[PDB]
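Asker: query_24.cif is the file, holding mmCIF, C-alpha atoms:
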```
data_target
loop_
_atom_site.group_PDB
_atom_site.id
_atom_site.type_symbol
_atom_site.label_atom_id
_atom_site.label_comp_id
_atom_site.auth_asym_id
_atom_site.auth_seq_id
_atom_site.Cartn_x
_atom_site.Cartn_y
_atom_site.Cartn_z
ATOM 1 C CA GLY A 1 -29.398 0.286 6.369
ATOM 2 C CA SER A 2 -27.195 -2.717 7.037
ATOM 3 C CA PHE A 3 -28.632 -4.510 3.975
ATOM 4 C CA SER A 4 -28.161 -1.728 1.435
ATOM 5 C CA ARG A 5 -24.611 -1.096 2.749
ATOM 6 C CA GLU A 6 -23.673 -4.786 2.609
ATOM 7 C CA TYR A 7 -25.195 -5.352 -0.833
ATOM 8 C CA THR A 8 -23.463 -2.265 -2.261
ATOM 9 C CA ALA A 9 -20.110 -3.277 -0.723
ATOM 10 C CA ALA A 10 -20.488 -6.782 -2.208
ATOM 11 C CA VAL A 11 -21.086 -5.408 -5.706
ATOM 12 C CA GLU A 12 -18.164 -2.957 -5.314
ATOM 13 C CA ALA A 13 -15.878 -5.857 -4.286
ATOM 14 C CA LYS A 14 -17.103 -7.917 -7.247
ATOM 15 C CA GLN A 15 -16.306 -4.985 -9.558
ATOM 16 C CA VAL A 16 -12.741 -4.690 -8.218
ATOM 17 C CA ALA A 17 -12.317 -8.463 -8.536
ATOM 18 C CA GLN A 18 -13.341 -8.282 -12.200
ATOM 19 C CA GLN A 19 -11.048 -5.316 -12.951
ATOM 20 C CA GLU A 20 -8.089 -7.015 -11.256
ATOM 21 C CA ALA A 21 -8.724 -10.352 -13.002
ATOM 22 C CA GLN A 22 -8.737 -8.469 -16.326
ATOM 23 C CA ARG A 23 -5.513 -6.672 -15.367
ATOM 24 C CA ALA A 24 -3.870 -10.018 -14.612
ATOM 25 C CA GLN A 25 -4.893 -11.458 -17.974
ATOM 26 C CA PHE A 26 -3.733 -8.280 -19.738
ATOM 27 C CA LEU A 27 -0.277 -8.425 -18.097
ATOM 28 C CA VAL A 28 0.124 -12.110 -18.910
ATOM 29 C CA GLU A 29 -0.773 -11.548 -22.545
ATOM 30 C CA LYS A 30 1.632 -8.583 -22.689
ATOM 31 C CA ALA A 31 4.508 -10.704 -21.306
ATOM 32 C CA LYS A 32 3.651 -13.588 -23.646
ATOM 33 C CA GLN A 33 3.729 -11.330 -26.672
ATOM 34 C CA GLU A 34 7.033 -9.686 -25.684
ATOM 35 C CA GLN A 35 8.677 -13.084 -25.280
ATOM 36 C CA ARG A 36 7.267 -14.264 -28.630
ATOM 37 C CA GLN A 37 8.844 -11.218 -30.240
ATOM 38 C CA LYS A 38 12.177 -12.001 -28.537
ATOM 39 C CA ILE A 39 12.039 -15.514 -29.983
ATOM 40 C CA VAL A 40 11.351 -14.141 -33.486
ATOM 41 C CA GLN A 41 14.240 -11.666 -33.189
ATOM 42 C CA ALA A 42 16.744 -14.276 -31.955
ATOM 43 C CA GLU A 43 15.699 -17.001 -34.401
ATOM 44 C CA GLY A 44 16.195 -14.382 -37.092
ATOM 45 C CA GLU A 45 19.694 -13.411 -36.022
ATOM 46 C CA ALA A 46 20.542 -17.082 -35.397
ATOM 47 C CA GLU A 47 19.590 -17.822 -39.015
ATOM 48 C CA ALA A 48 21.633 -14.882 -40.374
ATOM 49 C CA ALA A 49 24.650 -16.169 -38.409
ATOM 50 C CA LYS A 50 24.069 -19.762 -39.565
ATOM 51 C CA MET A 51 24.101 -18.594 -43.180
ATOM 52 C CA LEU A 52 27.279 -16.572 -42.699
ATOM 53 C CA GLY A 53 28.951 -19.589 -41.112
ATOM 54 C CA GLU A 54 27.986 -21.713 -44.121
ATOM 55 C CA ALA A 55 29.392 -19.107 -46.511
ATOM 56 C CA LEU A 56 32.640 -19.208 -44.524
ATOM 57 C CA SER A 57 32.808 -23.018 -44.743
ATOM 58 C CA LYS A 58 33.263 -22.495 -48.464
ATOM 59 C CA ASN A 59 35.016 -19.113 -48.796
ATOM 60 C CA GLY B 1 67.138 -12.050 -52.633
ATOM 61 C CA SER B 2 63.915 -11.357 -54.488
ATOM 62 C CA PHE B 3 62.928 -15.048 -54.246
ATOM 63 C CA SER B 4 63.477 -15.522 -50.520
ATOM 64 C CA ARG B 5 61.669 -12.212 -49.807
ATOM 65 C CA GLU B 6 58.704 -13.108 -52.025
ATOM 66 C CA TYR B 7 58.403 -16.664 -50.703
ATOM 67 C CA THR B 8 58.560 -15.479 -47.078
ATOM 68 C CA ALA B 9 55.971 -12.740 -47.728
ATOM 69 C CA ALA B 10 53.662 -15.312 -49.367
ATOM 70 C CA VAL B 11 53.843 -17.629 -46.355
ATOM 71 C CA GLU B 12 53.309 -14.677 -43.968
ATOM 72 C CA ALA B 13 50.199 -13.641 -45.955
ATOM 73 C CA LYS B 14 48.927 -17.231 -45.899
ATOM 74 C CA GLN B 15 49.399 -17.291 -42.112
ATOM 75 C CA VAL B 16 47.385 -14.079 -41.649
ATOM 76 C CA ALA B 17 44.690 -15.443 -43.972
ATOM 77 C CA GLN B 18 44.408 -18.577 -41.826
ATOM 78 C CA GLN B 19 44.291 -16.620 -38.544
ATOM 79 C CA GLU B 20 41.624 -14.263 -39.900
ATOM 80 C CA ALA B 21 39.524 -17.112 -41.335
ATOM 81 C CA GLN B 22 39.639 -18.764 -37.893
ATOM 82 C CA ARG B 23 38.665 -15.471 -36.234
ATOM 83 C CA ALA B 24 35.671 -15.183 -38.561
ATOM 84 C CA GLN B 25 34.500 -18.703 -37.751
ATOM 85 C CA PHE B 26 35.027 -18.068 -34.026
ATOM 86 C CA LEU B 27 32.919 -14.872 -34.097
ATOM 87 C CA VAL B 28 30.141 -16.565 -36.050
ATOM 88 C CA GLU B 29 30.005 -19.462 -33.615
ATOM 89 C CA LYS B 30 29.995 -17.010 -30.686
ATOM 90 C CA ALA B 31 27.035 -15.078 -32.166
ATOM 91 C CA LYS B 32 25.187 -18.313 -32.973
ATOM 92 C CA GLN B 33 25.556 -19.562 -29.428
ATOM 93 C CA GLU B 34 24.440 -16.257 -27.870
ATOM 94 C CA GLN B 35 21.304 -16.234 -30.010
ATOM 95 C CA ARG B 36 20.578 -19.884 -29.144
ATOM 96 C CA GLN B 37 20.767 -18.936 -25.481
ATOM 97 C CA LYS B 38 18.383 -16.007 -26.080
ATOM 98 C CA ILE B 39 15.905 -18.410 -27.676
ATOM 99 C CA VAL B 40 16.150 -20.786 -24.689
ATOM 100 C CA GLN B 41 15.626 -17.911 -22.235
ATOM 101 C CA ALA B 42 12.596 -16.491 -24.081
ATOM 102 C CA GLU B 43 10.949 -19.856 -24.766
ATOM 103 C CA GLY B 44 11.333 -20.482 -21.051
ATOM 104 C CA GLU B 45 9.692 -17.250 -19.959
ATOM 105 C CA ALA B 46 7.043 -17.653 -22.680
ATOM 106 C CA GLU B 47 6.166 -21.053 -21.190
ATOM 107 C CA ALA B 48 6.027 -19.686 -17.617
ATOM 108 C CA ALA B 49 3.650 -16.950 -18.836
ATOM 109 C CA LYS B 50 1.540 -19.446 -20.811
ATOM 110 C CA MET B 51 1.097 -21.541 -17.673
ATOM 111 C CA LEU B 52 0.145 -18.529 -15.565
ATOM 112 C CA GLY B 53 -2.413 -17.515 -18.182
ATOM 113 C CA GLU B 54 -3.930 -21.005 -18.061
ATOM 114 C CA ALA B 55 -4.125 -20.873 -14.263
ATOM 115 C CA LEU B 56 -5.945 -17.544 -14.589
ATOM 116 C CA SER B 57 -8.444 -19.006 -17.081
ATOM 117 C CA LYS B 58 -9.620 -21.158 -14.198
ATOM 118 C CA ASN B 59 -8.959 -19.079 -11.057
#
```
Hey, can you dump this file as structure tokens for me?
Answerer:
Amino acid sequence: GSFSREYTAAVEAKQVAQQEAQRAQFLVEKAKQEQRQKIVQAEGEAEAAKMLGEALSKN
Amino acid sequence: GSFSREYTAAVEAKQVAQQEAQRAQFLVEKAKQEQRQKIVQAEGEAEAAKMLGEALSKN
């Protein structure tokens, strides 16, 4: 009785560990991707503004 | 009378043109700088997230 309970509880803990490890990696990748998109957005608007500034420097 | 009125109106228009040109350059530079700051912020958080992901890939 002790054995089957202990073994089962070990496997159940292992399963939670694996799920939570996957959740951590998922959340990291999500945050990474959102920041990459923010960089693309800002570099884009920075370039638009750079070009407008250059067109002003003429007239 | 016509001359002094015309001359004065020309100079006044020139003055507005110069003020407005400066305003345009000011607004461009302001937008440029805000986007540069957004890039610095996001690259920073992207790097923090990258490092956390690497620390997960071990454990």
Asker: Provide the atom CA of residue 35 of chain B to atom CA of residue 46 of chain A distance in Å, to one decimal place.
Answerer: 5.5 Å
Asker: Mind fitting chain B to chain A by least squares on all Cα atoms in order and giving back the moved coordinates as a short mmCIF file (atom, residue, chain, number, x, y, z; two decimals) with C-alpha atoms, keeping the file's coordinate frame?
Answerer:
```cif
data_model
loop_
_atom_site.label_atom_id
_atom_site.label_comp_id
_atom_site.auth_asym_id
_atom_site.auth_seq_id
_atom_site.Cartn_x
_atom_site.Cartn_y
_atom_site.Cartn_z
CA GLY B 1 -29.40 0.29 6.37
CA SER B 2 -27.20 -2.72 7.04
CA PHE B 3 -28.63 -4.51 3.97
CA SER B 4 -28.16 -1.73 1.44
CA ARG B 5 -24.61 -1.10 2.75
CA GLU B 6 -23.67 -4.79 2.61
CA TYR B 7 -25.19 -5.35 -0.83
CA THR B 8 -23.46 -2.26 -2.26
CA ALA B 9 -20.11 -3.28 -0.72
CA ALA B 10 -20.49 -6.78 -2.21
CA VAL B 11 -21.09 -5.41 -5.71
CA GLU B 12 -18.16 -2.96 -5.31
CA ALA B 13 -15.88 -5.86 -4.29
CA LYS B 14 -17.10 -7.92 -7.25
CA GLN B 15 -16.31 -4.99 -9.56
CA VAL B 16 -12.74 -4.69 -8.22
CA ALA B 17 -12.32 -8.46 -8.54
CA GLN B 18 -13.34 -8.28 -12.20
CA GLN B 19 -11.05 -5.32 -12.95
CA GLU B 20 -8.09 -7.02 -11.26
CA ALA B 21 -8.72 -10.35 -13.00
CA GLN B 22 -8.74 -8.47 -16.33
CA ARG B 23 -5.51 -6.67 -15.37
CA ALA B 24 -3.87 -10.02 -14.61
CA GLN B 25 -4.89 -11.46 -17.97
CA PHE B 26 -3.73 -8.28 -19.74
CA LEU B 27 -0.28 -8.42 -18.10
CA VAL B 28 0.12 -12.11 -18.91
CA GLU B 29 -0.77 -11.55 -22.55
CA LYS B 30 1.63 -8.58 -22.69
CA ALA B 31 4.51 -10.70 -21.31
CA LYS B 32 3.65 -13.59 -23.65
CA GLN B 33 3.73 -11.33 -26.67
CA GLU B 34 7.03 -9.69 -25.68
CA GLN B 35 8.68 -13.08 -25.28
CA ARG B 36 7.27 -14.26 -28.63
CA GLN B 37 8.84 -11.22 -30.24
CA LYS B 38 12.18 -12.00 -28.54
CA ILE B 39 12.04 -15.51 -29.98
CA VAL B 40 11.35 -14.14 -33.49
CA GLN B 41 14.24 -11.67 -33.19
CA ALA B 42 16.74 -14.28 -31.95
CA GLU B 43 15.70 -17.00 -34.40
CA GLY B 44 16.20 -14.38 -37.09
CA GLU B 45 19.69 -13.41 -36.02
CA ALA B 46 20.54 -17.08 -35.40
CA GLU B 47 19.59 -17.82 -39.01
CA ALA B 48 21.63 -14.88 -40.37
CA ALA B 49 24.65 -16.17 -38.41
CA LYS B 50 24.07 -19.76 -39.57
CA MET B 51 24.10 -18.59 -43.18
CA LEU B 52 27.28 -16.57 -42.70
CA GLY B 53 28.95 -19.59 -41.11
CA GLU B 54 27.99 -21.71 -44.12
CA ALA B 55 29.39 -19.11 -46.51
CA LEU B 56 32.64 -19.21 -44.52
CA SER B 57 32.81 -23.02 -44.74
CA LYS B 58 33.26 -22.50 -48.46
CA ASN B 59 35.02 -19.11 -48.80
#
```
Asker: Can you measure atom CA of residue 42 of chain B to atom CA of residue 39 of chain A for me? One decimal in Å is fine.
Answerer: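 It comes out at 6.0 Å.
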Asker: Return the neighbours of chain B among the residues of chain A, cut-off 9 Å, counting all atoms listed in the file, as a PyMOL selection string.
Answerer: chain A and resi 21+24-25+28-29+31-50+52-53+56-57+59
Asker: Next, write the just-selected residues to a file, as a PDB file, keeping the file's coordinate frame, keeping C-alpha atoms as the atom set.
Answerer:
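Final output, result-v2.pdb:
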```pdb
ATOM      1  CA  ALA A  21      -8.724 -10.352 -13.002  1.00  0.00           C
ATOM      2  CA  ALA A  24      -3.870 -10.018 -14.612  1.00  0.00           C
ATOM      3  CA  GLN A  25      -4.893 -11.458 -17.974  1.00  0.00           C
ATOM      4  CA  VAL A  28       0.124 -12.110 -18.910  1.00  0.00           C
ATOM      5  CA  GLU A  29      -0.773 -11.548 -22.545  1.00  0.00           C
ATOM      6  CA  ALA A  31       4.508 -10.704 -21.306  1.00  0.00           C
ATOM      7  CA  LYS A  32       3.651 -13.588 -23.646  1.00  0.00           C
ATOM      8  CA  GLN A  33       3.729 -11.330 -26.672  1.00  0.00           C
ATOM      9  CA  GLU A  34       7.033  -9.686 -25.684  1.00  0.00           C
ATOM     10  CA  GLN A  35       8.677 -13.084 -25.280  1.00  0.00           C
ATOM     11  CA  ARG A  36       7.267 -14.264 -28.630  1.00  0.00           C
ATOM     12  CA  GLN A  37       8.844 -11.218 -30.240  1.00  0.00           C
ATOM     13  CA  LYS A  38      12.177 -12.001 -28.537  1.00  0.00           C
ATOM     14  CA  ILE A  39      12.039 -15.514 -29.983  1.00  0.00           C
ATOM     15  CA  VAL A  40      11.351 -14.141 -33.486  1.00  0.00           C
ATOM     16  CA  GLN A  41      14.240 -11.666 -33.189  1.00  0.00           C
ATOM     17  CA  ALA A  42      16.744 -14.276 -31.955  1.00  0.00           C
ATOM     18  CA  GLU A  43      15.699 -17.001 -34.401  1.00  0.00           C
ATOM     19  CA  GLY A  44      16.195 -14.382 -37.092  1.00  0.00           C
ATOM     20  CA  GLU A  45      19.694 -13.411 -36.022  1.00  0.00           C
ATOM     21  CA  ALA A  46      20.542 -17.082 -35.397  1.00  0.00           C
ATOM     22  CA  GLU A  47      19.590 -17.822 -39.015  1.00  0.00           C
ATOM     23  CA  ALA A  48      21.633 -14.882 -40.374  1.00  0.00           C
ATOM     24  CA  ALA A  49      24.650 -16.169 -38.409  1.00  0.00           C
ATOM     25  CA  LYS A  50      24.069 -19.762 -39.565  1.00  0.00           C
ATOM     26  CA  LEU A  52      27.279 -16.572 -42.699  1.00  0.00           C
ATOM     27  CA  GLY A  53      28.951 -19.589 -41.112  1.00  0.00           C
ATOM     28  CA  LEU A  56      32.640 -19.208 -44.524  1.00  0.00           C
ATOM     29  CA  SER A  57      32.808 -23.018 -44.743  1.00  0.00           C
ATOM     30  CA  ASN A  59      35.016 -19.113 -48.796  1.00  0.00           C
TER      31      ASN A  59
END
```
Asker: Could you work out an axis-aligned bounding box for all listed atoms of segment 5-9 of chain B, with 5 Å added on each of the six sides, and give its centre and edge lengths in Å to one decimal, as lines of an AutoDock Vina configuration file?
Answerer:
```
center_x = 58.8
center_y = -14.4
center_z = -49.6
size_x = 15.7
size_y = 14.5
size_z = 14.9
```
Asker: Please compute the atom CA of residue 17 of chain B-atom CA of residue 55 of chain A distance, one decimal, in Å.
Answerer: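 Interatomic distance, atom CA of residue 17 of chain B to atom CA of residue 55 of chain A: 15.9 Å.
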Asker: Since the input lacks some atoms of segment 18-51 of chain A, please model N, CA and C atoms and print them as a short mmCIF file (atom, residue, chain, number, x, y, z; two decimals), keeping the file's coordinate frame.
Answerer:
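Contents of rebuild-v8.cif, freshly written:
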```
data_model
loop_
_atom_site.label_atom_id
_atom_site.label_comp_id
_atom_site.auth_asym_id
_atom_site.auth_seq_id
_atom_site.Cartn_x
_atom_site.Cartn_y
_atom_site.Cartn_z
N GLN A 18 -13.28 -8.17 -10.74
CA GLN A 18 -13.34 -8.28 -12.20
C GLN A 18 -12.27 -7.43 -12.89
N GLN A 19 -12.09 -6.20 -12.43
CA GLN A 19 -11.05 -5.32 -12.95
C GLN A 19 -9.65 -5.90 -12.77
N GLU A 20 -9.42 -6.47 -11.59
CA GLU A 20 -8.09 -7.02 -11.26
C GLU A 20 -7.80 -8.32 -12.02
N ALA A 21 -8.81 -9.16 -12.16
CA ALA A 21 -8.72 -10.35 -13.00
C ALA A 21 -8.39 -9.98 -14.45
N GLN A 22 -9.05 -8.96 -14.98
CA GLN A 22 -8.74 -8.47 -16.33
C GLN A 22 -7.31 -7.92 -16.43
N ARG A 23 -6.88 -7.18 -15.42
CA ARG A 23 -5.51 -6.67 -15.37
C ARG A 23 -4.50 -7.82 -15.39
N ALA A 24 -4.76 -8.86 -14.62
CA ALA A 24 -3.87 -10.02 -14.61
C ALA A 24 -3.78 -10.64 -16.00
N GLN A 25 -4.92 -10.84 -16.65
CA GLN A 25 -4.89 -11.46 -17.97
C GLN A 25 -4.18 -10.55 -18.99
N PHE A 26 -4.40 -9.25 -18.87
CA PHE A 26 -3.73 -8.28 -19.74
C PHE A 26 -2.21 -8.34 -19.60
N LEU A 27 -1.71 -8.42 -18.37
CA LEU A 27 -0.28 -8.43 -18.10
C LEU A 27 0.37 -9.71 -18.57
N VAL A 28 -0.33 -10.82 -18.38
CA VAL A 28 0.12 -12.11 -18.91
C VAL A 28 0.26 -12.09 -20.43
N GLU A 29 -0.77 -11.59 -21.09
CA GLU A 29 -0.77 -11.55 -22.54
C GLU A 29 0.34 -10.62 -23.05
N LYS A 30 0.57 -9.52 -22.34
CA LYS A 30 1.63 -8.58 -22.69
C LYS A 30 3.00 -9.27 -22.60
N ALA A 31 3.24 -10.00 -21.52
CA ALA A 31 4.51 -10.70 -21.31
C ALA A 31 4.70 -11.80 -22.34
N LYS A 32 3.63 -12.54 -22.63
CA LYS A 32 3.65 -13.59 -23.65
C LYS A 32 4.10 -13.04 -24.99
N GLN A 33 3.48 -11.93 -25.38
CA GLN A 33 3.73 -11.33 -26.67
C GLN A 33 5.16 -10.77 -26.78
N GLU A 34 5.65 -10.17 -25.71
CA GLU A 34 7.03 -9.69 -25.68
C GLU A 34 8.03 -10.85 -25.82
N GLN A 35 7.75 -11.97 -25.17
CA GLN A 35 8.68 -13.08 -25.28
C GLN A 35 8.61 -13.71 -26.67
N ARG A 36 7.42 -13.75 -27.27
CA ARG A 36 7.27 -14.26 -28.63
C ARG A 36 8.09 -13.42 -29.59
N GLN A 37 8.05 -12.11 -29.40
CA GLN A 37 8.84 -11.22 -30.24
C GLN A 37 10.34 -11.44 -30.04
N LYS A 38 10.76 -11.71 -28.80
CA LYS A 38 12.18 -12.00 -28.54
C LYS A 38 12.63 -13.30 -29.22
N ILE A 39 11.75 -14.28 -29.27
CA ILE A 39 12.04 -15.51 -29.98
C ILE A 39 12.18 -15.26 -31.49
N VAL A 40 11.28 -14.46 -32.05
CA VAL A 40 11.35 -14.14 -33.49
C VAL A 40 12.65 -13.40 -33.85
N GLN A 41 13.01 -12.43 -33.02
CA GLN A 41 14.24 -11.67 -33.19
C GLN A 41 15.48 -12.57 -33.15
N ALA A 42 15.59 -13.38 -32.10
CA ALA A 42 16.74 -14.28 -31.96
C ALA A 42 16.83 -15.40 -33.00
N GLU A 43 15.70 -16.00 -33.34
CA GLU A 43 15.70 -17.00 -34.40
C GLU A 43 16.17 -16.36 -35.71
N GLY A 44 15.75 -15.12 -35.93
CA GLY A 44 16.20 -14.38 -37.09
C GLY A 44 17.69 -14.15 -37.15
N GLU A 45 18.26 -13.66 -36.06
CA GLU A 45 19.69 -13.41 -36.02
C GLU A 45 20.48 -14.73 -36.00
N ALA A 46 19.93 -15.75 -35.33
CA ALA A 46 20.54 -17.08 -35.40
C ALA A 46 20.64 -17.58 -36.83
N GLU A 47 19.59 -17.35 -37.63
CA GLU A 47 19.59 -17.82 -39.02
C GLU A 47 20.60 -17.03 -39.87
N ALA A 48 20.65 -15.72 -39.67
CA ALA A 48 21.63 -14.88 -40.37
C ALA A 48 23.05 -15.35 -40.11
N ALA A 49 23.33 -15.67 -38.85
CA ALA A 49 24.65 -16.17 -38.41
C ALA A 49 24.95 -17.57 -38.96
N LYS A 50 23.95 -18.45 -38.94
CA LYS A 50 24.07 -19.76 -39.56
C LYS A 50 24.47 -19.64 -41.04
N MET A 51 23.78 -18.77 -41.78
CA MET A 51 24.10 -18.59 -43.18
C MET A 51 25.51 -18.05 -43.41
#
```
